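A short write-up of the structure that comes next.
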Amino acid sequence: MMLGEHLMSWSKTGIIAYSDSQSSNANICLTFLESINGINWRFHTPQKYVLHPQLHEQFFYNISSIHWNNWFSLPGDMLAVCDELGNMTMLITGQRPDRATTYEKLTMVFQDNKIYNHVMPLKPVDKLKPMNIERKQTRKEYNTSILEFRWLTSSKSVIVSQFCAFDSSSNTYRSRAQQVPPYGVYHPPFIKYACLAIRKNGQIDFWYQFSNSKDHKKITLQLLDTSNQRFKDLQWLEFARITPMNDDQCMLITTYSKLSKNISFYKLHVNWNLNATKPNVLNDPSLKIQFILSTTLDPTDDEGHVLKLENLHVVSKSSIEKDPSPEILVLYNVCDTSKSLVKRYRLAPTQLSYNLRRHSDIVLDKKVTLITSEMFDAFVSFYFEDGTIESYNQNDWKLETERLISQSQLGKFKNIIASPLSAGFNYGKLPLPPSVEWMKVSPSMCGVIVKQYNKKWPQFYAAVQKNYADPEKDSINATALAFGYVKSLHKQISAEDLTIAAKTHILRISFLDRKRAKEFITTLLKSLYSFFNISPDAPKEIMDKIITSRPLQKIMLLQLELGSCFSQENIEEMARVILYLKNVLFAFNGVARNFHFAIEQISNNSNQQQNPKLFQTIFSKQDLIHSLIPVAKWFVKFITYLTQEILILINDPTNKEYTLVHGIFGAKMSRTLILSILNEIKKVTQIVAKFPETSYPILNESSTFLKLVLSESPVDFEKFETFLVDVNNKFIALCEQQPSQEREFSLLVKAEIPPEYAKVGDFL
Amino acid sequence: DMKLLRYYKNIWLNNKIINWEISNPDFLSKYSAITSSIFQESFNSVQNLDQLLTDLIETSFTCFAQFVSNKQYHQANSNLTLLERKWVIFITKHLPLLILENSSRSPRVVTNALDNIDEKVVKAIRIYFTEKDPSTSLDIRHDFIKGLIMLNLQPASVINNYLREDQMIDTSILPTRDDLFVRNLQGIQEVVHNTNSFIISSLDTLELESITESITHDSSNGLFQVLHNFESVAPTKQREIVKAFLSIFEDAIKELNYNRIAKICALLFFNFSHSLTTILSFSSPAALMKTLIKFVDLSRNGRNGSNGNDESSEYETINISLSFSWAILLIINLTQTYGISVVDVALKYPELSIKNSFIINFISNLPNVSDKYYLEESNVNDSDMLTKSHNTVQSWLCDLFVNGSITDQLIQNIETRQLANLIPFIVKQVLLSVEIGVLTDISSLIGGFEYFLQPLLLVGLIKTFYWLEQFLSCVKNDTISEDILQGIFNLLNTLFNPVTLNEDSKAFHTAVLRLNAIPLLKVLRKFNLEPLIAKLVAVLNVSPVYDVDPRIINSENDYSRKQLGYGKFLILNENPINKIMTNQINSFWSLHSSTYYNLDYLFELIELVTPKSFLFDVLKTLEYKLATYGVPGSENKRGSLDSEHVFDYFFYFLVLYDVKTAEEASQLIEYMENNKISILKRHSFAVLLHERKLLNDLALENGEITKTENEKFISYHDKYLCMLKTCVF
């Protein structure tokens, strides 16, 4: 039997929403990955919910498919689930009718049965009282049973990377990122969202919401637009795969109706703006359909063995590839033979001097039980019977795990790597599909999710490498995992799966030689900077851009997890203090800009004193500065720790356990960042002194306390200000004395000084 | 026990009638052994011959009763009549012979058999006939007795016993002798003492023009009169006539007699008065297929020993072309309407080269034509033939569209197989060019398409009509101006309504238009238009068409306020797939509704839902009904033996849908106990059950499945084997 290709969906924000078929009080579950003790990981507690058609005011039905709106560049928070009865239930997470909430709390938008608006925040089953709802099983495949659900993206563009190559001239890996223009059908900004669903009887649906209204609208048609309803209700489509094509507002509805035993093709057209001359009049989009082609399947192979169509998966192909025609991969299995044939067809127009052109045939040695297409990766995954997975690339259908062995090394570009799977990281012995409810390869292909019948919790399997004793392969592996994150950030993926896989390999290295594992981290994170065209050895102008960059919230988090096992080590400590300084940065400069605008509001709003709006405005002015006082206590408490270590290190310079103090001062932007914090602190105090609170003396305590805490600090800030300023100048002249770029990495990440610069350490 | 016996026997007869196994001389043996096989305990009763024939009589009558009385619950247009005609043919033809050489000629036993029937069958038959329509309304019982009279089984005084008390039948009028009588040219009923000589003598003097234009029955040819009067043939004589064709046809293949091969195929294709259905109903279609596909495959060696240097060559080449071209049309008609697969026969007979079979891959790609022209398909890796492949295309286009004549050199140098694909290529190029606007001159083309109707080029029309609907379906949705559209009809009408036809091409042209007429009619009506439908309806009325709504053919003025259904199986929203299968669950579990014993409405339903979803949605849904309601037919919820027989109903039905012949069963037992076996049964349940049995056993070694779950699955598997081994198939 075919597995649950759409039973589970990894949302782009990490929420794992999957269908539940065992609990008698719930049908859907929500969970996510969390860290146990900084080293290990565990899934979060399952948040069970119950979905029935009568939430608007009682038996609930099973869940057919779950589709997170993670397609293209969508935010990925609006989850729409379609049940077995055909009702499409849309749940929005991260928002409440009155306020904003976290990502683990759900909320409804509208229910379909006719469609109506009813906003109501859902509650978990366990917390809710025992209700009179029983699991009624809709064991009937209705006319409205949705076969395939597809989301509609907006007009925004997505920028990703295609592949990287090893530049033998510079002995470094180089990657190029190509912007991907939108292809297929995209909804305009004035429409809040749109989605399409194909029902098993051929009836189509088009849900959409206007951005300026709350009422929802639905437009429905049927594929077989014949004059007789006798054939209208006959199109029982076995497979209905919707692949958008480069044609404008067109989707190729590749259907296989067993009534006529032919793989029929269709074209769907939508006009977003019917009246372009009247932009104010927002008209409903018009839907059109046009039959194109139909072909019959081949009965036999070349040698005389008959074939059976097991699956019909067509790849969502963009215009980037050489031939943009979608690949209709009609799978065939030779009976009583381990071989499995995958014939490939392409749809092309008929040219004068449409049609399906056969390119080639590919033979696989094991039977296939599941096919899943990766998103933004162009990878077809063949989940064979024995548990092994062979992901074939869309470009050449060359095995990714064995591409390095068979790659033609000679050439301009060598060692073409697209994912960590190219290095050789193969999954272990996965559980057999008969025992497995559903599988899904993780987005980065680093591991596989398996749900088990007797396991109440989801499992997880990571990739392993057999030749971990060979030291010469560390250069390639670090670069391969470096590019794995490069694609993830461009697609706004959490990439928590990739983090787990990297740590396991490092842990096995550290068991034999602890010295070797430390260098693996340094080389791995260095390639990230080269891939993203960011240089820690650049002039100071780019350095300001680095501090505000989102990646440091994640790339520094990498060593926060990859260095957790190393007790009494400063690799994670150096990243955390810089990361927390960023939080410290968001505290003062986050409100320094806010406080500056409050100065102008005082003068222009001084003509109405008795109004009931100024009194709340006045109260909020002096309340905000009060909340900064607890932050300032940790700000002073932080600078004392580094000054305390100065006295300790002088007596015993040979103590390696206190080498963190070197990296903190060595960081180039941190010295400027603290100076900027000290600059705005002076500006804030000068402004407060220049513009004190006079209407209410009682409110001056917060302003006065700000002056007192600075003066009463055990160490004067002015003396400490000159401390970091002098370090910057001395560390710049040393660069001119001898050119070196590793020292920039050493002062920022390694938190150490190379032995070749042992004289520099004595100066501190 | 009796209910189990009757259900098993009715399903067994239905399956065996569908499987064309009536001609098997083991019918009576299996029918007698049914009673012993059903009951596991020994049942050693000496059943006398009269008892067997009586049991057969009431079984057949009750089966026909259920078959005709279950039809009102079907959709009014879900029309499938092959099995209805099959029941009629069996009951009127074989059962009289079964009595003739199986009975002891006892008039009493027939009276007891036909007097023990319930009146419900008679009431239902009369009600259905009255609703369809005093006018003469004869039942199947009258035809049964009439056949027995001709065989000297019963005297003429027996028919009056069962007649209505107010109406008798004159004894003298009823025929009593089994001798063949034919109306000659002078109106005297001549006695055909010898059958084989009559066929060959008429066949030699037969005219191919007299096929469709001879609407009147007063034709000088005796054999052609028989086809239009096929419903009144004597019981025992028609077996000789069917056997006469087989011996003659096999001898024509051995001697390579091209004249009589082409003529024979023309008679069988058109199926006047259900002539073709009776042929399959006597010879097994497998043996007919084997010889027929041998000719189309072994004809390659026959073209290397003939030299075109005689004035009889053009006579021979036309005779060769028509003999080969007609033999293709016989296969397509059998595959499409009669539900036979060309792939299956190759697997069963090892002497057929599957990889080098041109017929096998031709049928499966019949409606689709390649955009590129290749002289040979197995050697696409070579470029030498592709150089002259384009030469052939330009050589034929210039000679036929500009020169206006077909040179004899072109015909001699090319084979029939290349012609079968060359003609669709050229017509597609011309028709596409006309539609776009590349070709603007029609009159020269109208004459140009006339050259496609010559006897030499007749085989090229087979693929021309199939592509038309795919061409027309795009045309129907696309916006085409009437000036172009009227041109399309003008070019099409040349093939549809020829001005003149040769004496060997007139019957062929009608025959090809008959294969793929039905989908063409549906597309055309969606829009010089009328003549095409008028021609299409004319060729559709020459003989009856199976599984077609009669309202569609004659919808010129009838408006019944009900939309027409062109397909065999039709579904509405008022009666969706849910309601019927929910009624199937009521029948799969409680044997309710009335859609059972109708393998016409069930076999197609299974395919439309696939065996996987069909079995998955019923096996696990049974527990919900069983856990709440309980086993029907028992007032006590004690014991599992009562539920055991209910499970036997479901598993016995699935066995017949998988096993189709006698020796096949002896080979499926070896498939379970562990290549060629599962090839023929790709979609069988047995493959699905066995493939999961081995797979989950692998997990048992690895221990990802609980032992209880594995034990449950094998319980279904061993039950399937246990009934398979204890019952003879």
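Following the order of the structure tokens, first chain is A, next is B, and so on, with residues numbered from 1 inside each chain and ligands from 1 in the order they appear.
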Requested in this report: Name the residues in contact with range 285-296 of chain B at a cut-off of 7 Å, using only C-alpha atoms, excluding same-chain residues fewer than 5 positions from it; report them as a ChimeraX atom specification.
Outcome: /B:253,280,324,345
Closest atom pairs, residues of chain B within 7 Å of chain A, only C-alpha atoms, as CSV:
```
residue,atom,partner,partner_atom,distance
B:354,CA,A:304,CA,5.2
B:355,CA,A:304,CA,4.8
B:364,CA,A:298,CA,6.9
B:365,CA,A:296,CA,6.7
B:368,CA,A:295,CA,6.8
B:474,CA,A:292,CA,6.0
B:477,CA,A:290,CA,6.3
B:563,CA,A:228,CA,5.2
B:564,CA,A:228,CA,6.6
B:565,CA,A:230,CA,5.6
B:570,CA,A:230,CA,6.2
B:571,CA,A:234,CA,5.3
B:572,CA,A:233,CA,5.2
B:573,CA,A:233,CA,6.3
B:578,CA,A:140,CA,5.8
B:608,CA,A:258,CA,6.1
B:617,CA,A:139,CA,6.3
B:675,CA,A:336,CA,5.4
B:678,CA,A:335,CA,6.7
B:679,CA,A:335,CA,6.0
B:696,CA,A:434,CA,6.1
B:699,CA,A:432,CA,6.2
B:704,CA,A:435,CA,6.0
B:705,CA,A:435,CA,5.7
```
Query raised in the report: Of the residues B:449, B:269, B:566, B:601, which is the one nearest to residue 580 in chain B, using only C-alpha atoms?
Result: B:601
**Report entry** Picked from range 279-429 of chain A by DSSP as strand (DSSP E or B), as a ChimeraX atom specification
**Finding:** /A:286-295,300,306,309-314,327-333,340-348,355-364,368-373,379-384,389-393,399,414-417,426-427
Query raised in the report: CA of residue 417 in chain A and CA of residue 164 in chain A, how far apart in Å?
Result: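 Taking CA of residue 164 in chain A and CA of residue 417 in chain A, their separation equals 5.7 Å.
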Report summary line: Closest of A:163, A:529, A:413, A:427 to residue 393 in chain A, counting only C-alpha atoms, is A:163
Query - Residues near range 309-315 of chain B, cut-off 12 Å, only C-alpha atoms, skip fewer than 6 positions along chain, as a list in words - result: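 Everything that qualifies: residues 258, 259, 321, 322, 408, 409, 411, 412, 455, 456 and 504 of chain B.
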Keeping N, CA, C and O atoms for every residue in the selection just given, could you write it to a file as a PDB file, in the first residue's frame?
```pdb
ATOM      1  N   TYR B 258      -4.564 -16.306 -49.733  1.00  0.00           N
ATOM      2  CA  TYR B 258      -4.907 -14.946 -49.340  1.00  0.00           C
ATOM      3  C   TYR B 258      -6.333 -14.553 -49.709  1.00  0.00           C
ATOM      4  O   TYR B 258      -6.886 -13.640 -49.088  1.00  0.00           O
ATOM      5  N   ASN B 259      -6.935 -15.212 -50.702  1.00  0.00           N
ATOM      6  CA  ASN B 259      -8.272 -14.816 -51.137  1.00  0.00           C
ATOM      7  C   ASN B 259      -9.318 -15.131 -50.075  1.00  0.00           C
ATOM      8  O   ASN B 259     -10.145 -14.279 -49.733  1.00  0.00           O
ATOM      9  N   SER B 321      -2.260  -7.547 -49.445  1.00  0.00           N
ATOM     10  CA  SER B 321      -2.499  -6.373 -48.611  1.00  0.00           C
ATOM     11  C   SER B 321      -3.816  -6.485 -47.853  1.00  0.00           C
ATOM     12  O   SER B 321      -3.878  -6.182 -46.657  1.00  0.00           O
ATOM     13  N   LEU B 322      -4.879  -6.919 -48.531  1.00  0.00           N
ATOM     14  CA  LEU B 322      -6.181  -7.013 -47.874  1.00  0.00           C
ATOM     15  C   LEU B 322      -6.207  -8.143 -46.852  1.00  0.00           C
ATOM     16  O   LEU B 322      -6.859  -8.023 -45.807  1.00  0.00           O
ATOM     17  N   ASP B 408       4.431   2.043 -59.068  1.00  0.00           N
ATOM     18  CA  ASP B 408       4.520   0.667 -58.594  1.00  0.00           C
ATOM     19  C   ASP B 408       5.825   0.389 -57.862  1.00  0.00           C
ATOM     20  O   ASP B 408       5.883  -0.547 -57.057  1.00  0.00           O
ATOM     21  N   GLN B 409       6.873   1.172 -58.126  1.00  0.00           N
ATOM     22  CA  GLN B 409       8.143   0.968 -57.437  1.00  0.00           C
ATOM     23  C   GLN B 409       8.021   1.255 -55.947  1.00  0.00           C
ATOM     24  O   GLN B 409       8.605   0.546 -55.123  1.00  0.00           O
ATOM     25  N   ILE B 411       5.389   0.963 -53.946  1.00  0.00           N
ATOM     26  CA  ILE B 411       4.657  -0.085 -53.242  1.00  0.00           C
ATOM     27  C   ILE B 411       5.536  -1.312 -53.037  1.00  0.00           C
ATOM     28  O   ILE B 411       5.539  -1.919 -51.959  1.00  0.00           O
ATOM     29  N   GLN B 412       6.286  -1.704 -54.068  1.00  0.00           N
ATOM     30  CA  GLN B 412       7.116  -2.901 -53.973  1.00  0.00           C
ATOM     31  C   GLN B 412       8.227  -2.731 -52.944  1.00  0.00           C
ATOM     32  O   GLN B 412       8.547  -3.672 -52.206  1.00  0.00           O
ATOM     33  N   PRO B 455      -7.128  -0.164 -52.468  1.00  0.00           N
ATOM     34  CA  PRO B 455      -6.908  -1.400 -51.697  1.00  0.00           C
ATOM     35  C   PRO B 455      -5.487  -1.556 -51.188  1.00  0.00           C
ATOM     36  O   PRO B 455      -5.284  -2.148 -50.118  1.00  0.00           O
ATOM     37  N   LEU B 456      -4.495  -1.047 -51.922  1.00  0.00           N
ATOM     38  CA  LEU B 456      -3.114  -1.133 -51.455  1.00  0.00           C
ATOM     39  C   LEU B 456      -2.903  -0.304 -50.193  1.00  0.00           C
ATOM     40  O   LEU B 456      -2.181  -0.725 -49.280  1.00  0.00           O
ATOM     41  N   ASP B 504     -13.311  -3.779 -53.628  1.00  0.00           N
ATOM     42  CA  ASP B 504     -12.653  -4.365 -52.466  1.00  0.00           C
ATOM     43  C   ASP B 504     -12.504  -3.388 -51.307  1.00  0.00           C
ATOM     44  O   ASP B 504     -12.047  -3.794 -50.233  1.00  0.00           O
TER      45      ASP B 504
END
```
Could you name the residues that touch residue 147 in chain A at 10 Å or less, counting only C-alpha atoms, but leaving out those on the same chain fewer than 3 positions away, as a short mmCIF file (atom, residue, chain, number, x, y, z; two decimals) with C-alpha atoms, in the first residue's frame?
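The resulting out-v5.cif:
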```cif
data_model
loop_
_atom_site.label_atom_id
_atom_site.label_comp_id
_atom_site.auth_asym_id
_atom_site.auth_seq_id
_atom_site.Cartn_x
_atom_site.Cartn_y
_atom_site.Cartn_z
CA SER A 64 -6.53 13.23 5.10
CA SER A 65 -3.59 15.59 4.54
CA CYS A 82 -8.33 18.84 4.78
CA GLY A 86 -13.51 17.00 2.16
CA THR A 144 -15.43 16.10 -2.57
CA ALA A 197 -7.67 21.85 -4.29
CA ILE A 198 -8.61 19.08 -6.72
CA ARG A 199 -11.36 16.73 -5.57
CA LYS A 200 -11.54 13.06 -6.51
CA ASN A 201 -14.61 13.60 -8.72
CA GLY A 202 -12.90 16.32 -10.77
CA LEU A 237 -8.98 10.46 -10.77
CA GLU A 238 -6.46 7.98 -9.38
CA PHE A 239 -3.60 10.51 -9.43
CA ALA A 240 -4.04 14.28 -9.82
CA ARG A 241 -0.66 16.03 -9.59
#
```
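Take CA of residue 702 in chain A and CA of residue 634 in chain A: the distance between them is 17.0 Å.
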Report task. Quick one: everything within 7 Å of residue 285 in chain A, counting only C-alpha atoms, minus sequence neighbours fewer than 3 positions away in the same chain. Send it as number ranges by chain. Result -> A: 270-274
